[PDB]
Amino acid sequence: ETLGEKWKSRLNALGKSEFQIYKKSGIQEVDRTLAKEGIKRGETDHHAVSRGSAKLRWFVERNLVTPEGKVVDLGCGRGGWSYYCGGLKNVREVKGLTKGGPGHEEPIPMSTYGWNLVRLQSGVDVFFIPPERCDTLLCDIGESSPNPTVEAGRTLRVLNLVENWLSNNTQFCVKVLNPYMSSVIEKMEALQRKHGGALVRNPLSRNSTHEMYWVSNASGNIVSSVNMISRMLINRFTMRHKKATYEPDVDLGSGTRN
């Protein structure tokens, strides 16, 4: 048994209203009221389609991942990671792929800066299409379960997916939903040995998930990095100024790139 699983159990034991408070406790939020209000009205212009744009922003503006070349966005959902990549100096093709359909997030068409370089496909399942060439590989897949055993298999499927997609020097950002289970640790140590990078916690993540992202330009003992987060997440159960701090939302320009 791990320090993560302790966290998981305490989390699971929470009152409905107690969990809602834990979730936002001392996190970083993104200011989305107006951007969402604009989208509801048609505006295709300056708005990130989701808070993922801001979320990826954070890794990128710190050179943890430098999208370049042909970017594949596995599970692009609405499109927040892709449209944000679309505007990035070093970037040529953005290809975003996602399930969509009833009960899943569908890609929203946007005219943001570099939109013309972004193509997003709904109706695809990625675990069952063939790997393609790419320079930057992104992946935000991993559905949360109260049962950590579940999360570990979901997380395992994902890494096993990404491997098949990766070559040498590939820029990458992958959600590892449950990095604390011992099966996931094991896989990650391998993956790191073979590919580099470390796991990093994004301050925009809620306290109710123990997600960390495997990002390419970083280093660090996996085990230790997972633990300092389980510790962090446990410490936040007992918190005494539990407001969130807010960032203004990414503004993603408009119009076309050549």
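Note that residue numbering follows the sequence shown and begins at 1.
Look at the mean CA B-factor for 77 to 85 and for 158 to 166 in the entry; the higher one is 158 to 166.
Of the two segments, 186 to 194 and 32 to 40, the one listed with the higher mean B-factor is 186 to 194 (C-alpha atoms only). In this PDB entry, the Cα temperature factor of residue 13 sits in the top third of its chain's modelled residues, the highest group. Ranked by C-alpha B-factor against the other modelled residues of its chain, residue 209 falls in the lowest third. Residue 221: CA B factor in the highest third of modelled residues in this chain (values from the PDB entry).
Per the deposited record, the Cα B-factor of residue 92 falls in the highest third when ranked against the other modelled residues of its chain. For residue 104, the recorded CA temperature factor ranks within the highest third of the chain's modelled residues.
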